[PDB]
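Working notes for the structure below.
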Amino acid sequence: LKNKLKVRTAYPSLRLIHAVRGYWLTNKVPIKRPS
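Take 1 as the starting number for the sequence shown in the deposited numbering and just add one per residue.
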């Protein structure tokens with residue numbers, strides 16, 4: 001009983017976080033790095 005957890009986490013959990021992280025990286029953070 002783990003199959004549901006895979007796709008349940010495959011929602012805004014990673015889908016949105018991975019996205020907004022790319023947003024963050026391209027906003028405040030130099031290139032991809034801290035600086």
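Here a beta-carbon is modelled for each residue, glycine too, at the ideal position from N, C-alpha and C.
Go through its chain and collect everything with a Cβ distance to residue i's Cβ below 7 Å, but skip five positions before and after it.
i, result
"residue 16", "none"
Got a sec? Which residues, its chain only, sit under 8 Å from residue i by beta carbon, not counting five neighbours each side?
i, result
"residue 32", "25"
Suppose you measure from the CA of residue i to the CA of residue j; what does that come to, to the nearest Å?
i, j, result
"residue 34", "residue 18", "17 Å"
"residue 2", "residue 28", "37 Å"
"residue 5", "residue 30", "34 Å"
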